[PDB]
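As a starting point, one isolated chain is supplied in structure tokens, in the form deposited in one PDB entry.
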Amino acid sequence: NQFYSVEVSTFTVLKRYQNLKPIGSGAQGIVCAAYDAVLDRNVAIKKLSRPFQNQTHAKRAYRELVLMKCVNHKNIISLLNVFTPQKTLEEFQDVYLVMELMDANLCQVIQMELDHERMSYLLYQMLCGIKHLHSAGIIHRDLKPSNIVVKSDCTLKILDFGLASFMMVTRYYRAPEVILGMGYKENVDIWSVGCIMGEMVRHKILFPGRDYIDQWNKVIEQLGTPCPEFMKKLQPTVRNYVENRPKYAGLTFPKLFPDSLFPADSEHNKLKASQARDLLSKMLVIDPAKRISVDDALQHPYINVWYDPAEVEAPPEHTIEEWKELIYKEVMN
């Protein structure tokens, strides 16, 4: 047989993949690092166990398999291989996704001190990734550091495609318009970038909460109560919940993110600190009509030192049995 099985939970993989070591584990899959003998390099292999098992797993698994082919960008996951060990639709149980092995996820990187050259490099790439997604008609809406990976050479990839409802979820990076069920447009994703950036500086999650109720409170306690023309776009029930919580002035950006947090010894670093704080103050903006756009974020001085036309301006429900077959066929391409 082409496949062999190992306990990791059982991984049943193609024989080219050697010496599996578990490296990750979310609701969606276990991920192993492995050596790929055919390509002569290391890969990450994610097992999606019976993903047609509910609407949630199914939609995500299915959607991300289709979207794979609609993207082609170094800052967005590319698949090396897609496979199932099972040979028939009836036997079908598991999907394995193979990609390049990176060195770390953003959670890990966030915990480090990074200079501005790196910090800004990570961010330029997130924005190039997101720019790519948007040009393909994909607004992500759920960008977060545990789905973002990095290499030692500071290169970065976004691994998932976001949102499009029960099962037996980290929300901290979601935009107000997502937190409050409003219309959104492409700059919804800018907010999540500003949350990841804030976190890189502060080393704490900007807006923690048990659910959207606490989370909103952390938003307003820091950025202050939003403005009139923001309310006008809230559904009347959310509007009135939102027009009735304790108000806040909200702290300026130098209180939010003091010099203390920034590499700021040399003149170069004092200047980069000011510019990083300028971008933060432009991205973490409650009201989307006043939030910076992806293209303006890419022209910001903190980010534009990396700018490269080639990188920036580039390419482009169901029952469980219905999902099993949709996903099977996709895997079979």
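Start at 1 and count along the sequence shown; that's the residue number. Think of the rigid core as the biggest set of C-alphas that the two forms share within 1.5 Å after superposition.
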TODO: State whether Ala314, though modelled here, is left unmodelled in a third or more of the other entries compared.
DONE: yes
Task: Absent coordinates for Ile110 in a third or more of other compared entries - done: no
Open item on the list: With respect to the deposited sequence, is there a break between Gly24 and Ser25 in this entry, and if so is it 1 to 3, 4 to 9, or 10 or more residues, or none at all?
Closed with: none
Task: Greater mean Cα temperature factor according to the PDB record, 185-193 or 230-238 - done: 230-238
Task: Of 153-161 and 253-261, the one with larger mean CA B-factor - done: 253-261
Task: Given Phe83, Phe166, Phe92, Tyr172, the residue at which the Cα B factor reaches its maximum - done: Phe166
Open item on the list: By the CA temperature factor listed in this entry, which of these ranks top: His57, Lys69, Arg291, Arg277?
Closed with: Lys69
TODO: Could you say whether, by C-alpha temperature factor, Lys144 belongs to the lowest, middle or highest third of its chain?
DONE: lowest
- [ ] Sort the modelled residues of this chain by their C-alpha B factor and say whether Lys74 lands in the lowest, middle or highest third.
- [x] middle
TODO: Among all modelled residues of this chain, ranked by Cα B factor, put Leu106 in the bottom, middle or top third, i.e. lowest, middle or highest.
DONE: lowest
Task: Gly209 - which third its CA temperature factor falls in, relative to the rest of the chain - done: middle
TODO: Check where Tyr248 lands among this chain's C-alpha B-factors and tell me if it's the lowest, middle or highest third.
DONE: highest
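Omitted here: the form deposited in another entry. The next part is about that form.
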- [ ] Considering only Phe207, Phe257, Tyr124, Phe92, single out the residue whose C-alpha is displaced by at least 2 Å between this form and the one not shown after superposing the rigid core.
- [x] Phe92
Open item on the list: Rigid core aligned, does the Cα position of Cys107 differ by 2 Å or more between this form and the one not shown?
Closed with: no
Open item on the list: Superposing on the rigid core, is the Cα displacement of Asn304 between this form and the one not shown 2 Å or more?
Closed with: no
Open item on the list: Once both forms sit on the same rigid core, is the C-alpha displacement of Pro51 at or above 2 Å between this form and the one not shown?
Closed with: yes
TODO: Over in the other structure, so in the other form, do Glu177 and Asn54 pull closer or drift farther apart at the C-alpha level? The difference is 3 angstroms or more.
DONE: farther
